[PDB]
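Text of entry-v6.cif (mmCIF, C-alpha atoms (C1' of nucleotides)) as supplied:
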data_query
loop_
_atom_site.label_atom_id
_atom_site.label_comp_id
_atom_site.auth_asym_id
_atom_site.auth_seq_id
_atom_site.Cartn_x
_atom_site.Cartn_y
_atom_site.Cartn_z
CA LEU Y 3 17.49 -24.05 -32.48
CA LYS Y 4 14.06 -23.73 -34.19
CA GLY Y 5 11.24 -21.21 -33.88
CA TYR Y 6 10.21 -17.80 -35.20
CA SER Y 7 9.46 -16.60 -31.64
CA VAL Y 8 8.94 -17.99 -28.15
CA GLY Y 9 5.18 -17.93 -28.82
CA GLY Y 12 6.83 -12.78 -28.59
CA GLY Y 13 9.50 -10.87 -30.47
CA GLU Y 14 11.02 -12.00 -33.75
CA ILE Y 15 14.04 -14.23 -33.15
CA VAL Y 16 17.10 -13.25 -35.20
CA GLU Y 17 20.22 -15.35 -35.53
CA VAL Y 18 23.52 -13.62 -34.67
CA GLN Y 19 27.10 -14.80 -34.22
CA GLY Y 20 27.16 -17.23 -31.29
CA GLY Y 21 23.46 -16.98 -30.43
CA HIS Y 22 20.13 -15.27 -31.09
CA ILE Y 23 18.64 -11.86 -30.38
CA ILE Y 24 14.96 -10.94 -30.04
CA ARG Y 25 13.62 -7.82 -31.74
CA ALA Y 26 11.56 -5.41 -29.67
CA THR Y 27 7.94 -6.17 -29.58
CA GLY Y 28 6.84 -2.55 -29.83
CA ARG Y 29 7.99 0.98 -30.70
CA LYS Y 30 8.04 2.88 -27.43
CA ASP Y 31 11.20 0.99 -26.56
CA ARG Y 32 13.07 -0.59 -29.45
CA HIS Y 33 15.92 -2.34 -27.61
CA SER Y 34 16.61 -5.88 -28.70
CA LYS Y 35 16.67 -8.63 -26.07
CA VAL Y 36 18.75 -11.84 -26.22
CA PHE Y 37 17.81 -15.52 -26.04
CA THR Y 38 19.60 -17.52 -23.35
CA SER Y 39 19.51 -20.97 -21.77
CA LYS Y 40 16.78 -19.59 -19.48
CA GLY Y 41 14.82 -17.87 -22.23
CA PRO Y 42 14.52 -14.23 -23.28
CA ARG Y 43 16.57 -11.82 -21.19
CA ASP Y 44 17.06 -8.07 -21.02
CA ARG Y 45 20.50 -6.73 -21.93
CA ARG Y 46 20.48 -4.49 -18.88
CA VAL Y 47 21.55 -5.73 -15.44
CA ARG Y 48 21.74 -4.15 -11.98
CA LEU Y 49 24.96 -4.80 -10.06
CA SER Y 50 24.94 -4.83 -6.28
CA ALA Y 51 26.79 -1.90 -4.70
CA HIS Y 52 29.77 -4.08 -3.72
CA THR Y 53 29.97 -5.55 -7.22
CA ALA Y 54 29.46 -2.21 -8.97
CA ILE Y 55 32.35 -0.57 -7.11
CA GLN Y 56 34.81 -3.31 -8.10
CA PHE Y 57 33.50 -3.47 -11.67
CA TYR Y 58 33.80 0.27 -12.34
CA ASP Y 59 37.28 0.24 -10.82
CA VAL Y 60 38.18 -2.29 -13.52
CA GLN Y 61 36.42 -0.23 -16.20
CA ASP Y 62 38.18 2.96 -15.14
CA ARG Y 63 41.61 1.30 -14.95
CA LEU Y 64 41.06 -0.10 -18.45
CA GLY Y 65 40.18 3.39 -19.67
CA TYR Y 66 36.99 2.14 -21.35
CA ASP Y 67 34.13 4.58 -21.92
CA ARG Y 68 31.34 1.88 -22.13
CA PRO Y 69 30.88 -0.69 -19.32
CA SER Y 70 29.93 -3.44 -21.79
CA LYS Y 71 33.48 -3.39 -23.17
CA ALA Y 72 34.86 -4.01 -19.67
CA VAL Y 73 32.53 -7.03 -19.37
CA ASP Y 74 34.00 -8.27 -22.67
CA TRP Y 75 37.49 -7.91 -21.22
CA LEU Y 76 36.53 -9.78 -18.03
CA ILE Y 77 35.05 -12.67 -20.01
CA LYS Y 78 38.24 -12.92 -22.09
CA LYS Y 79 40.47 -12.86 -19.00
CA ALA Y 80 38.26 -15.50 -17.33
CA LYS Y 81 38.25 -17.79 -20.38
CA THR Y 82 40.32 -20.41 -18.53
CA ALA Y 83 37.89 -20.66 -15.62
CA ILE Y 84 34.79 -20.50 -17.85
CA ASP Y 85 35.98 -23.42 -20.02
CA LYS Y 86 35.98 -25.61 -16.88
CA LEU Y 87 32.29 -24.57 -16.19
CA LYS G 30 11.41 9.38 -7.11
CA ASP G 31 13.88 6.49 -7.15
CA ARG G 32 15.75 5.33 -4.03
CA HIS G 33 18.48 3.15 -5.56
CA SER G 34 21.97 3.88 -4.25
CA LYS G 35 24.80 4.98 -6.52
CA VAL G 36 28.41 3.98 -5.87
CA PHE G 37 31.59 6.05 -5.48
CA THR G 38 33.92 5.79 -8.50
CA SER G 39 37.04 7.52 -9.82
CA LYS G 40 34.74 9.49 -12.16
CA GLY G 41 32.08 10.39 -9.59
CA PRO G 42 28.82 8.76 -8.50
CA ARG G 43 27.61 6.05 -10.85
CA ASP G 44 24.31 4.23 -11.26
CA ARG G 45 24.59 0.50 -10.52
CA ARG G 46 23.08 -0.64 -13.84
CA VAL G 47 25.01 -1.62 -16.97
CA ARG G 48 23.62 -2.14 -20.47
CA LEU G 49 25.42 -4.99 -22.26
CA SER G 50 25.80 -5.14 -26.03
CA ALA G 51 23.91 -8.02 -27.65
CA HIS G 52 27.02 -10.17 -28.20
CA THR G 53 28.36 -9.43 -24.72
CA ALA G 54 25.01 -10.24 -23.11
CA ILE G 55 24.82 -13.60 -24.89
CA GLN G 56 28.29 -14.56 -23.67
CA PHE G 57 27.72 -13.10 -20.19
CA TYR G 58 24.46 -14.99 -19.62
CA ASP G 59 26.15 -18.21 -20.78
CA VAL G 60 28.64 -17.74 -17.93
CA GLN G 61 25.87 -16.86 -15.46
CA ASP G 62 23.77 -19.87 -16.40
CA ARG G 63 26.66 -22.31 -16.45
CA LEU G 64 27.41 -21.10 -12.91
CA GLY G 65 23.80 -21.66 -11.81
CA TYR G 66 23.33 -18.12 -10.45
CA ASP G 67 19.90 -16.45 -10.43
CA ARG G 68 21.28 -12.88 -10.17
CA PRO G 69 23.62 -11.44 -12.83
CA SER G 70 25.53 -9.48 -10.17
CA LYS G 71 26.83 -12.75 -8.71
CA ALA G 72 28.22 -13.71 -12.12
CA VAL G 73 30.24 -10.53 -12.52
CA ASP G 74 31.51 -11.06 -8.94
CA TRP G 75 32.80 -14.41 -10.18
CA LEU G 76 34.31 -12.91 -13.35
CA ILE G 77 36.15 -10.29 -11.29
CA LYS G 78 37.48 -12.98 -8.96
CA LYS G 79 38.70 -15.15 -11.85
CA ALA G 80 40.25 -12.17 -13.72
CA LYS G 81 42.19 -10.93 -10.65
CA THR G 82 45.65 -11.71 -12.07
CA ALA G 83 44.93 -9.61 -15.16
CA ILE G 84 43.27 -6.85 -13.12
CA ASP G 85 46.35 -6.49 -10.90
CA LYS G 86 48.53 -5.91 -13.97
CA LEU G 87 46.45 -2.86 -14.84
"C1'" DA C 1 12.55 4.32 5.97
"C1'" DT C 2 15.42 3.63 2.80
"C1'" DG C 3 16.95 0.46 0.53
"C1'" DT C 4 16.50 -3.99 -3.04
"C1'" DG C 5 16.25 -6.54 -8.22
"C1'" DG C 6 14.46 -6.02 -12.36
"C1'" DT C 7 12.16 -3.55 -15.79
"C1'" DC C 8 9.13 0.06 -18.14
"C1'" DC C 9 9.26 4.51 -20.63
"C1'" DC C 10 11.78 7.95 -22.59
"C1'" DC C 11 15.44 11.19 -24.64
"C1'" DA C 12 19.25 12.06 -27.64
"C1'" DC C 13 21.84 10.10 -31.10
"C1'" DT C 14 22.77 7.13 -35.09
"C1'" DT I 1 12.05 5.56 -37.94
"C1'" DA I 2 15.20 1.26 -36.00
"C1'" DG I 3 18.47 0.15 -32.65
"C1'" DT I 4 21.64 2.42 -29.41
"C1'" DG I 5 23.39 3.92 -24.32
"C1'" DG I 6 22.00 5.32 -20.21
"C1'" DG I 7 18.48 8.64 -16.96
"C1'" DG I 8 14.37 8.58 -14.29
"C1'" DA I 9 10.44 6.10 -12.56
"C1'" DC I 10 7.82 2.25 -11.00
"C1'" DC I 11 6.21 -2.49 -9.03
"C1'" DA I 12 6.60 -5.39 -5.37
"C1'" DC I 13 9.06 -6.27 -1.68
"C1'" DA I 14 11.78 -6.00 2.83
#

Take the structure from the file and write it as structure tokens.
Amino acid sequence: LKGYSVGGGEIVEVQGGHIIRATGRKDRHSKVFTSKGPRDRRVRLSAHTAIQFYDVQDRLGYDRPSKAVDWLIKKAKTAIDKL
Amino acid sequence: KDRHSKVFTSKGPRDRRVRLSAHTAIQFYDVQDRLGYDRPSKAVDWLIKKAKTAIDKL
DNA sequence: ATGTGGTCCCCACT
DNA sequence: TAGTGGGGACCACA
């Protein structure tokens, strides 16, 4: 809700949430703010999970995995809305 | 040298990491945190399970 | 002995 | 030249 930074990168309001600008120049990726604080946008999937996830991505025909995550979240909307 | 395993896919071996766009990450972590999971991988497990009906129509 | 999660740099591209 | 996706390496650990 309020704050320029956690105390930390500059906090920037976006649609539905907030991003955090990189704190340096060797790596300029933005992070995101979440209920548990700043988080990296990159995640490591376990082998079992990765295999299933890329099967979904490949069957969708999507080049970028993030778009397949978008699709999954849409298709799960019913279950998400119940927590 | 790194010792992380890759996984077999229809397009060849693939690294197990995914970079999420900012908007996707914000929505994804909302799901993960509302589920109470410490590891993101467990959240996409759950998304795949709950999207099964749609996945089977692919 | 060979993996793990998570992240730090870095390269090419915009 | 500011932010991107994704490769390779590294820390700490088992």

Would you tabulate, counting only C-alpha atoms (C1' of nucleotides), all residues of chain Y that have an atom at most 8 Å from an atom of chain I, showing the closest pair of atoms and their distance in Å to one decimal, sorted by chain then ascending number, as a tab-separated table?
residue	atom	partner	partner_atom	distance
Y:32	CA	I:3	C1'	6.3
Y:33	CA	I:3	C1'	6.2
Y:34	CA	I:3	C1'	7.4

Neighbour list for residue Y:52 as a PyMOL selection string, cut-off 12 Å, only C-alpha atoms (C1' of nucleotides), skip fewer than 2 positions in-chain: (chain Y and resi 48-50+54-59) or (chain G and resi 34-38+45+70-71+73-74+77)

Using only C-alpha atoms (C1' of nucleotides), which residues of chain G come within 9 Å of chain C, and what is the closest atom pair for each, with the distance in Å to one decimal? Give it as JSON lines, sorted by chain and residue number.
{"residue": "G:32", "atom": "CA", "partner": "C:3", "partner_atom": "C1'", "distance": 6.8}
{"residue": "G:33", "atom": "CA", "partner": "C:3", "partner_atom": "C1'", "distance": 6.8}
{"residue": "G:34", "atom": "CA", "partner": "C:3", "partner_atom": "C1'", "distance": 7.7}
{"residue": "G:68", "atom": "CA", "partner": "C:5", "partner_atom": "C1'", "distance": 8.3}

Neighbours of chain C in chain Y at 8 Å, counting all atoms listed in the file, as a tab-separated table (two decimals) with C-alpha atoms, in the frame of the given file:
chain	number	residue	atom	x	y	z
Y	30	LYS	CA	8.04	2.88	-27.43
Y	31	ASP	CA	11.20	0.99	-26.56
Y	47	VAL	CA	21.55	-5.73	-15.44
Y	48	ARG	CA	21.74	-4.15	-11.98

Of the listed residues G:41, G:31, G:86, G:55, that which approaches chain Y most closely, counting all atoms listed in the file: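 The answer is G:55, which sits nearest to chain Y.
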
Point-to-point distance from atom CA of residue Y:16 to atom CA of residue Y:40, Å rounded to tenths: 17.0 Å
